[PDB]
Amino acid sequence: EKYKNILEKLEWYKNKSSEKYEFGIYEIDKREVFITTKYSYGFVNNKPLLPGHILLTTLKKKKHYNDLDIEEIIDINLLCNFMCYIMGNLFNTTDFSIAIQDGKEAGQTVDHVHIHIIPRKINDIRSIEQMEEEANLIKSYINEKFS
């Protein structure tokens, strides 16, 4: 019920999608997106630091974390907590590195607020095929457990 309650707050439903996915000046392929919410979306990383490295971003392009409205802060953060639960179940881990590079001097390369979620294990470039496969595994799991 905790995660089902978060999904209700995120206004999620199976197959919810956006017509387009903007990330800074870039456009994310719909095949790489595993979840869309009222204000955010989650997509697989083309340059993962480690396996299962995912990104969460706002549907509206906003550069800094402090540019987000209260509703967007809640949305992206409830999605983060929900995705750590999903990734935890999929990658068989309880440990994650969660981070925002909020600005150029924090290492931000794309001018659009995003959260990194990286599954972590002891002593730990991708094609559209591998990315679609990874996004499909995540999307399939969300659908199976949450309707």
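Note that residue numbering follows the sequence shown and begins at 1.
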| item | value |
| --- | --- |
| Where residue 124 meets residue 125 in the shown sequence, the number of deposited residues left unmodelled | 10 or more |
| Of 14-22 and 126-134, the stretch whose C-alpha atoms average the higher B-factor in the entry | 126-134 |
| Mean C-alpha temperature factor, higher of 88-96 and 112-120 | 88-96 |
| From 28, 56, 83, 50, residue of greatest CA B-factor | 50 |
| CA B-factor placement of residue 42, once the chain's modelled residues are sorted into thirds | lowest |
